[PDB]
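K.L.:
Below are the structure tokens for one structure; questions will follow.
The values are calculated or read from the model by the stated rules, or taken from the named source; nothing here is a laboratory result. Cβ placement follows ideal geometry from the backbone for every residue including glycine, while neighbour counts extend to all protein chains displayed.
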Amino acid sequence: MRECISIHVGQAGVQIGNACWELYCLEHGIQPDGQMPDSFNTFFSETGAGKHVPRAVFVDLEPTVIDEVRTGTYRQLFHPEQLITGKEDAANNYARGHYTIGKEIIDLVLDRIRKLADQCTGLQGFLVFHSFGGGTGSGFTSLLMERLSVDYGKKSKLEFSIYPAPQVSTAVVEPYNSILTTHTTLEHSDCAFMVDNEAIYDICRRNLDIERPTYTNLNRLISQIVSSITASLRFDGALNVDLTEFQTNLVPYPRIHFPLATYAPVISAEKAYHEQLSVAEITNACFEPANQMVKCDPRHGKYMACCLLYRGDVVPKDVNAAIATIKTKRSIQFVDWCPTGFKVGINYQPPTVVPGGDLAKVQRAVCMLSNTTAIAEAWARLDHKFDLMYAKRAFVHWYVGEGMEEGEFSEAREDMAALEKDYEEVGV
Amino acid sequence: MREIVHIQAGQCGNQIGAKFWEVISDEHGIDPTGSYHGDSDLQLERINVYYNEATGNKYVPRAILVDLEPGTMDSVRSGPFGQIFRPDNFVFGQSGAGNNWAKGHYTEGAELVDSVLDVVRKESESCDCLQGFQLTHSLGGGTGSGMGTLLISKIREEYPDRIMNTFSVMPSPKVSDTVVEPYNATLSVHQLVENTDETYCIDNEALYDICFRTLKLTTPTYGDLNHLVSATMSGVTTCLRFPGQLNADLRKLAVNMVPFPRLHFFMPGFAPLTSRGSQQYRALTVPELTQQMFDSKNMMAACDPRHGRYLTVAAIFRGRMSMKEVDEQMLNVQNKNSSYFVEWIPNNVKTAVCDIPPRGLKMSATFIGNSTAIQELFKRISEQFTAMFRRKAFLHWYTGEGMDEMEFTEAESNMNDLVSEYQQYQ
Ligand SMILES: Nc1nc2c(ncn2[C@@H]2O[C@H](COP(=O)(O)CP(=O)(O)OP(=O)(O)O)[C@@H](O)[C@H]2O)c(=O)[nH]1
Ligand SMILES: Nc1nc2c(ncn2[C@@H]2O[C@H](COP(=O)(O)OP(=O)(O)OP(=O)(O)O)[C@@H](O)[C@H]2O)c(=O)[nH]1
Ligand SMILES: [Mg+2]
Ligand SMILES: [Mg+2]
């Protein structure tokens, strides 16, 4: 009866989704056809003679990544109708992928979510994977979230939005389309689990010491964090924290919802033989500036709240000492108003990590969130990127050519400017 | 989907075409008959983008060929993969228009556009959806190519939404067979700046030096000369034809490397480029593939990139790799060479990847760059155009069956007005 649905979008969601459902198909013990030789109810649906299909929907206007899925090994379980393919992508262009060509596809995708929402008994909410730099992965969501918000305003629409690094910005115009969406993110969604792609390279090159990562190795990591959030509503636990609880107690104000993510233990197999991976160890492996995957400096900021989603063989007694330990630390800090910001979710089931992946078969795992003020320094870089060229008005004639007027650019930045000031307001 | 049509305007384009379609067809595992024979089932999933499925399990291209001379058409269908064409798309004319640009673009070609516009009007509407009208025309020298400026100025009336690429071969004084290259090349630019949304300014001057220095070849034969120009644009389109960890189309390269519509010229680059003996002594990694492209010598554009700073670039890598090596190297190059890149465009560089590299190479690459350095080429042609124009010469070929003298001033003015925009950014 506990239910939620995944909305993979753009090049990012699909590359994540082929590796995100790589996990669930191995958590429950189901072949990549769909058969399962309850927990699965939230993301599967028991249909036919032993064939469980995911409650996903994939939308990339590029027809290629889905054709890799429709031809790949997961061709069978994914329903071919919700594997939207489009005709031609928006070419990393927000205004193009919003209404010019996106309107051709929103009419279709909103039927499957209405098919699944009507088929699902009761949802805690949605979850939408996407990236800012994709343009069509981003501007489509600017149009999708408002349709789903009007269609479903009471439900919670969280998002694991990829975010470009200040150094490794793989695109050229993604300084534009990022802040254009964040004006739309706060309006409709309620928590944007931001993630950076350059940080994970620093996560994996050092902790699990991989010399050269692929997006596969990167994506197999960000599958565990999402599964760890949703294991409460999907598995048994001493202290279950389903999707509707932690979003309520993590977000103080209705606009300040941008928690950076974190996962632990992130270590190779050879290195895991050495550490016992105690709760005081891995919990302390979450707050250092390294293991965070958003490329910000948490020490300069201050946590408001946090939410620890333990897994595997875990008991509260040792984290009860841990949550007391960090409150002694002065390098780590907390805003004055929140005395205690540590939700503690447990699941007796271990991660059951993917095979062919860098991660190890640890019997313990942690996710972690924090609605900090340190995230403000992230887009303080990007807001400088956007502001210096919009004054020059470069790369804008494409957006103008697609329909979006110049006024939206000034309205998206000033909102992020006004959004930024709140972090100094709330901080003291 | 995301179809693309491919035209040959001039004797250059066809020998480029016969190699353009000899790497691609062999990149899809194809014989001269047309029937697929490759072992990989992946390389057919978007064979449609160029070819059109015909009977007998035979795929064939949408290769439009125009020269105003049959002597070049005879070379194509007789050569290797000469059967892999549509004889309806082979087009002929009486005379080669005399290296004029006044005969083709106005008189002797305008009596032929109706025979090549209808077939692309046919063969563009024949398919589902398309991205652009790319071609291979010598901007100077042969006038069947400069005639293509008419062919490009009219598609803008038909398909203004789409983007017309131009794999244009520039002129150059160090290698100038044709005497009137400034006449036809300078005037053709008056249209491409207003019509085209992309342009890859290949130039034969440097393109020899890449063939001497990098490969150490005794003599550049045109057959062995275009195997790298067929590959420099196959690597542009491979991102469509094949699945990328990061994907891109001809429109993504446009919007992410065109700050302003007139500053849409480019200089390409391909790597790895090696001799036979000097191949085993290279690392075969992204740094080895990185410096092989950014270096001034490996640049088809006859310019010195050390002078003019790259506004924007793109690096369509190929072969399965790690993105970190593709990210940090493109990121390191942007920092140390801070002068060769621009301040007010952070992270100039793009990336793009595929999992199907070309045959023989386990890894490949490709480079694109919009830079201030192209002003050197435009100065180089306009500095001598005015010499040939001041104290007018050959103008009665351009007055008869041609244009007024004021047409030269408007083009030269708007062409010199263009170079100032590059000068604005250095
Ligand atoms: N990249 C290449 N460029 C070429 C080749 N052959 C010629 N050219 C260039 O083309 C220019 C000469 O024009 P053409 O080759 O198109 C001869 P064409 O029949 O087009 O003359 P017109 O009949 O006057 O149009 C000159 O600048 C040469 O450098 C080639 O095989 N490859
Ligand atoms: N975290 C993560 N990021 C990715 C992955 N694949 C691509 N990206 C990032 O997505 C960002 C924006 O580009 P994309 O979203 O891939 O572009 P796109 O969605 O193909 O854009 P369209 O061509 O319009 O579809 C880039 O900076 C990439 O680093 C992935 O598997 N994981
Ligand atoms: Mg895409
Ligand atoms: Mg000729």
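K.L.:
Looking at region B:211-234, is at least one residue part of a helix (DSSP H, G or I) and within 16 Å of ligand 2 (Cβ to nearest atom)?
P.N.:
The answer is no, given that none of the residues of region B:211-234 is part of a helix (DSSP H, G or I) and within 16 Å of ligand 2 (Cβ to nearest atom).
K.L.:
If you don't mind, there's one more thing I want to ask. Give me a count of the residues in region B:18-75 that are within 16 Å of ligand 1 (Cβ to nearest atom), among the acidic types (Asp, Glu) and assigned to a loop (DSSP other than H, G, I, E, B).
P.N.:
Total satisfying the criteria: 2.
K.L.:
Could I ask something else about it? Answer yes or no as to whether A:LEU359 is more than 30 Å from A:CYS286 (Cβ to Cβ) and either within 9 Å of another protein chain (Cβ to nearest Cβ) or assigned to a loop (DSSP other than H, G, I, E, B) (or both).
P.N.:
Judged against the criteria, A:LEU359 is not a match.
K.L.:
Same structure, new question: Name, by its number, the condition in (1) more than 8 Å from chain A (Cβ to nearest Cβ); (2) buried (at least 24 other Cβ atoms within 10 Å of the Cβ); (3) acidic (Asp, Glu) that does not hold for B:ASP295.
P.N.:
So the condition that B:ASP295 fails would be (2).
K.L.:
Right, next: Out of A:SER149, A:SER161, which single residue is at negative phi and either within 16 Å of ligand 3 (Cβ to nearest atom) or buried (at least 24 other Cβ atoms within 10 Å of the Cβ) (or both)?
P.N.:
Matching residue, one of A:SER149, A:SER161: A:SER161.
K.L.:
Within the bounds of region B:84-91, is there any residue that is in a loop (DSSP other than H, G, I, E, B), of a type in the set (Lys, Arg) and surrounded by fewer than 22 Cβ atoms within 10 Å (Cβ to Cβ)?
P.N.:
Yes, the conditions are met somewhere in region B:84-91.
K.L.:
Quick check on my filter: what residues within region B:372-426 are small (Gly, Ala, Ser) and over 14 Å from B:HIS190 (Cα atoms)?
P.N.:
Selection gives B:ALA373, B:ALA387, B:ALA393, B:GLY400, B:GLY402, B:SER420.
K.L.:
Is one or more of the residues making up region B:127-140 in a loop (DSSP other than H, G, I, E, B) and within 16 Å of ligand 2 (Cβ to nearest atom)?
P.N.:
Yes, region B:127-140 contains at least one residue that is in a loop (DSSP other than H, G, I, E, B) and within 16 Å of ligand 2 (Cβ to nearest atom).
K.L.:
Confirm whether B:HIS137 is more than 16 Å from ligand 4 (Cβ to nearest atom) and under 27 Å from B:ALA393 (Cβ atoms).
P.N.:
no
K.L.:
Take the residues of region A:161-197 that are of a type in the set (S, T, N, Q) and within 14 Å of another protein chain (Cβ to nearest Cβ): which is farthest from B:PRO259 (Cα to Cα)?
P.N.:
Only one residue fits best here, namely A:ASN197.
K.L.:
Failed condition for A:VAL319, given (1) within 23 Å of A:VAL251 (Cβ to Cβ); (2) assigned to a helix (DSSP H, G or I); (3) in contact with an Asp or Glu (Cβ under 8 Å, 6 or more places away or on another chain), with all others met?
P.N.:
The number of the failed condition is (3).
K.L.:
Something else: Can you go through B:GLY93, B:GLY132, B:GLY104 and tell me which one is farther than 17 Å from B:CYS12 by Cβ and more than 16 Å from ligand 3 (Cβ to nearest atom)?
P.N.:
B:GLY132
K.L.:
Among the listed residues A:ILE5, A:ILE30, which satisfies the condition of being part of a loop (DSSP other than H, G, I, E, B), among the aliphatic types (A, V, I, L, M), more than 16 Å from ligand 1 (Cβ to nearest atom) and crowded, with 19+ Cβ neighbours inside 10 Å?
P.N.:
Result of the check over A:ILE5, A:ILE30: A:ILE30.
K.L.:
For B:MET170, are the conditions met, namely being surrounded by 24 or more Cβ atoms within 10 Å (Cβ to Cβ), within 16 Å of ligand 1 (Cβ to nearest atom), of a type in the set (A, V, I, L, M, F, W, C) and over 19 Å from B:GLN11 (Cα atoms)?
P.N.:
So B:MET170 fails the test.
K.L.:
List the residue pairs whose Cβ atoms are under 8 Å apart, where the first residue sits in region A:198-216 and is more than 10 Å from chain B (Cβ to nearest Cβ), the second is in a helix (DSSP H, G or I), and the two are 6 or more positions apart or on different chains.
P.N.:
Note: pairs meeting the criteria are A:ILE203/A:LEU221; A:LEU208/A:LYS271; A:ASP209/A:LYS271.
K.L.:
Next question, about the same structure. Condition check: within 16 Å of ligand 4 (Cβ to nearest atom), surrounded by 20 or more Cβ atoms within 10 Å (Cβ to Cβ), in the same structural domain as B:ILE4 (by CATH) and not small (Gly, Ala, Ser). Does B:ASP67 satisfy that?
P.N.:
Answer is yes for this residue.
K.L.:
Could you list, in sequence order, the residues of region B:92-109 that are assigned to a helix (DSSP H, G or I), surrounded by 17 or more Cβ atoms within 10 Å (Cβ to Cβ) and among the small types (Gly, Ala, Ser)?
P.N.:
Matches in region B:92-109: B:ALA97, B:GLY104.
K.L.:
Of all residues in region A:206-244, which are among the polar types (S, T, N, Q) and assigned to a helix (DSSP H, G or I)?
P.N.:
The answer is A:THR216, A:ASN217, A:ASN219, A:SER223, A:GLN224, A:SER227, A:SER228, A:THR230, A:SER232, A:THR244.
K.L.:
Sticking with this structure for a sec: Return the pair list, or none, for Cβ contacts closer than 8 Å from residues in region A:265-279 that are closer than 18 Å to A:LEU309 by Cβ to residues that are among the aromatic types (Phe, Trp, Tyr), at least 6 apart or on different chains.
P.N.:
A:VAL279/A:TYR310
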